[PDB]
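Trainee: Attaching a single structure in structure tokens format; questions to follow.
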Amino acid sequence: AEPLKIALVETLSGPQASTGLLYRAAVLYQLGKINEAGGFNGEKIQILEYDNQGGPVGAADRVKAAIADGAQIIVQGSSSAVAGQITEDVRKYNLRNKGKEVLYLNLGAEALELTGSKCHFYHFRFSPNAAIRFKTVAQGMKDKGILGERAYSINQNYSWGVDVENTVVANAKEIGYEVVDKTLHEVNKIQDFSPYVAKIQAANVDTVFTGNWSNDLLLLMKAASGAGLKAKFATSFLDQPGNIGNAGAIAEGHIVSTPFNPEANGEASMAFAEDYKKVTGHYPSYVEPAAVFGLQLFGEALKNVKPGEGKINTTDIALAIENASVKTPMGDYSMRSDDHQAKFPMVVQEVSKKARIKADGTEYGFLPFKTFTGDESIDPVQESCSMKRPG
Ligand code: NA
Ligand code: NA
């Protein structure tokens with residue numbers, strides 16, 4: 001029997017690896033569950049890791065290496081810049097290798113194009129995207145009555161941040177805020193966000209929308225704390241470890257929308273949080289839930305692949321993913337065939353002392369206040385989406 005070989009292409013060492021290492025934790029957790037069950041096709045699934053230290057250029061090299069090593073599946077999620085490269089390299093490889101196609105399981109690169117203009121049959125996205133993140137965070141705040149009329153948008157100047165800004169601007173009229181001012185800044189370079197916080201203060205806003213992550217959110221929060229910023233951030237990634245500690249005195253009341261919260265789905269969500277901590281050493285947050293839940297859907301697909309003569313057929317796996325549905329600790333998870341955007345609930349959460357699971361050893365954690373169903377959460381199929389069917 002051919003074993004299934006899955007390549008994780010991520011930032012896996014060094015000072016920029018905090019997000020990539022959480023992808024590693026989530027991937028090892030869930031592929032670990034599949035392997036505890038026996039793997040796939042009568043063999044353990046092999047997990048081949050490729051430490052990418054070189055951004056998109058590095059990724060192209062690592063994808064070539066992974067495929068040469070026999071990987072039939074590539075997994076990645078920490079950067080949409082990297083994902084843009086991976087998805088195109090996989091698409092082009094597949095055109096040249098009919099019958100030997102490689103799958104790209106995108107567990108967290110959230111830029112719109114991956115299920116829009118760059119959509120293709122062998123890419124699947126298991127995470128939110130900019131539209132899902134920012135519609136849900138704003139609508140949730142509106143439903144709760146904590147969305148003021150004035151907003152600022154601050155994002156990183158690459159595909160992801162541009163998509164967040166465009167989404168926040170596009171939703172302003174219907175949801176009901178004015179984007180008073182907005183900023184795109186250099187990515188992962190700014191060490192002092194004080195001047196940006198000053199600009200936000202000048203705008204006299206109630207909400208600051210941002211898709212920032214890593215230092216671009218950690219240091220932004222720190223600068224906001226030092227300035228005593230009154231506005232609350234409405235985010236996709238505030239529950240990355242470290243942000244609430246950096247928030248210090250201004251921690252209360254900031255907002256995030258994510259696919260998960262330990263208290264959002266009763267005993268099921270909490271049992272998952274506890275099991276994940278038992279295995280990894282920490283409660284799941286930030287990039288981890290989408291990666292786990294996506295790999296749960298993937299595992300369900302694998303169960304539904306028809307027994308063959310021992311060979312692994314990635315087209316059959318792809319069709320099984322399209323057809324699969326699984327009950328995750330947060331509820332139903334499935335895959336939209338048109339664009340390969342996964343359908344799943346979203347939970348909007350506030351930083352509060354009332355949260356059962358605390359963040360960063362503080363008195364505060366993320367407390368859920370609104371859950372949108374899968375139907376309420378998933379974005380419309382993008383106008384730019386076209387997908388070729390087999391084949
Ligand atoms: Na990600
Ligand atoms: Na369909």
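Just so it is clear, none of the values below were taken in a lab; they were calculated from the coordinates. Methodologically, a virtual Cβ is constructed for each residue, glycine included, from the backbone with ideal geometry; neighbour enumeration extends over all protein chains shown.
Trainee: Could you size up the charge dipole of the chain around its Cα centre, putting +1 on the beta carbon of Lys and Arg and -1 on that of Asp and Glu, and report it in debye to the nearest 20? Mind showing how you got there, number by number?
Mentor: On the way: 40 positive and 45 negative charges, 48 e Å.
That gives the chain a dipole magnitude of about 240 debye.
Trainee: Let me ask something else. How large is the Kirkwood hydrodynamic radius of the chain, in angstrom, based on all distinct alpha carbon pairs?
Mentor: Working: mean 1/r = 0.0475 Å⁻¹.
One over the average 1/r among Cα pairs gives 21.1 Å for the chain.
Trainee: Next question, about the same structure. Quote the FRET efficiency, to the nearest 0.05, computed for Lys230 versus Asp275 with a Förster distance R0 of 41 Å and r equal to the Cβ-Cβ distance. Present the calculation step by step, with values, prior to reporting the outcome.
Mentor: Numbers: r = 39 Å, r/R0 = 0.95.
For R0 = 41 Å, the calculated efficiency reads 0.55.
Trainee: Reachable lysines from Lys92, Cα under 19 Å, same-chain residues fewer than 8 places away excluded?
Mentor: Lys64, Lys100, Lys118, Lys388
Trainee: I want to make sure I understand the PRE zone here: with the label point 7 angstrom from the Cα of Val305 toward its beta carbon, which residues in the stretch 1-18 have backbone N atoms less than 14 Å away?
Mentor: Within reach of a label on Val305, which here means backbone N under 14 Å from a point 7 Å along Cα→Cβ, the stretch 1-18 contributes 1-7.
Trainee: Given the -39500 (n - 2.57) contribution per DSSP H run of 4+ residues, what per-residue ellipticity at 222 nm results for the chain, rounded to the nearest 500 deg cm²/dmol?
Mentor: Theoretical 222 nm ellipticity from helices: -12000 deg cm²/dmol.
Trainee: Could you state the angle between the C-alpha long axis of helix 130-144 and the longest principal axis of the C-alpha atoms of the chain, as a value from 0 to 90 degrees rounded to the nearest 10?
Mentor: On a 0 to 90 degree scale, this one is about 40.
Trainee: Still on this model: Which ordering of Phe209, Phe298 is given by a fewest-first count of other beta-carbon atoms within 10 Å?
Mentor: Values: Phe209 29, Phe298 26.
So the residues, fewest neighbours to most, are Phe298, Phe209.
Trainee: On to the next question. Give the angle, between 0 and 90 degrees and rounded to the nearest 10, that separates the Cα long axis of helix 159-171 from the longest principal axis of the Cα atoms of the chain.
Mentor: Computed tilt is about 60 degrees.
Trainee: Pull out the extension gain between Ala65 and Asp192, defined as 0.36 nm times the separation in residues minus the alpha carbon to alpha carbon distance; nm, one decimal. Write out the running numbers ahead of the final one.
Mentor: On the way: separation 127, 0.36 × 127 = 45.72 nm, distance 3.81 nm.
Between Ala65 and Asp192, full extension yields an extra 41.9 nm.
Trainee: Quick check on my link table: of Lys5/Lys278; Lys199/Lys354; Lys222/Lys358, which ones sit more than 30 Å apart, alpha carbon to alpha carbon?
Mentor: Flagged as over cut-off: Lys199/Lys354.
Trainee: For a protection proxy built on the mean count of beta-carbon atoms within 10 angstrom, sort 307-315, 116-124, 282-290, 104-112 highest first, please.
Mentor: Working: 307-315: 12.1, 116-124: 20.9, 282-290: 23.8, 104-112: 26.7.
Result, highest mean Cβ count within 10 Å first: 104-112, 282-290, 116-124, 307-315.
Trainee: Contact order normalised by length for the stretch 212-335, with contacts defined as Cα pairs under 8 Å and 6 or more residues apart; what percent is it?
Mentor: Values: 138 pairs, mean separation 24.7, N = 124.
In percent, rounded to a whole number, it is 20.
Trainee: Now a separate question. Please label the shape of the stretch 111-193 as rounded, prolate or oblate, based on the square roots a ≥ b ≥ c of the eigenvalues of the alpha-carbon gyration tensor (a/c under 1.5 means rounded; beyond that, a/b larger than b/c means prolate, else oblate).
Mentor: On the way: a/c = 2.25, a/b = 1.24, b/c = 1.81.
Verdict is oblate for the stretch 111-193.
Trainee: Please give the residues of the stretch 122-150, grouped as numeric ranges, whose backbone N is less than 19 Å from a label point set 7 Å along the Cα-to-Cβ vector of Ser386.
Mentor: 122-123
Trainee: Where a ≥ b ≥ c are the square roots of the eigenvalues of the C-alpha gyration tensor, would you call the stretch 173-318 rounded, which needs a/c under 1.5, or, failing that, prolate if a/b is larger than b/c, or oblate?
Mentor: On the way: a/c = 2.52, a/b = 2.07, b/c = 1.21.
Taking the square roots of the gyration eigenvalues as a ≥ b ≥ c, the stretch 173-318 is prolate.
Trainee: Where the eigenvalues come from the Cα gyration tensor of the stretch 23-69, what are the semi-axes √(5λ) of the equivalent ellipsoid, largest first, in whole Å? Don't skip to the end; give the middle numbers.
Mentor: Details: eigenvalues 128, 37, 6 Å².
Output for the stretch 23-69: semi-axes of 25, 14, 5 Å.
Trainee: Right, next: Divide, for the stretch 1-87, the radius of gyration over alpha carbons by 2.2 N^0.38 Å, where N is the residue count. Write down the numbers at each step before the final one.
Mentor: Numbers: Rg = 13.0 Å, N = 87, 2.2 N^0.38 = 12.0 Å.
Ratio of Cα Rg to 2.2 N^0.38 Å: 1.08.
Trainee: Measure nothing fancy, just the Cα-based angle from helix 55-68's long axis to the longest principal axis of the chain, in degrees from 0 to 90, nearest 10.
Mentor: Taking the Cα atoms of the chain, the angle to 55-68 is about 20 degrees.
Trainee: Tabulate in residue order the Karplus-calculated ³J(HN,Hα) for the stretch 309-324, using 6.51 cos²θ - 1.76 cosθ + 1.60 with θ = phi - 60°, rounded to whole Hz; enter x for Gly and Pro.
Mentor: Couplings: 9, x, 7, 9, 10, 5, 5, 4, 5, 4, 4, 5, 5, 3, 8, 8 Hz.
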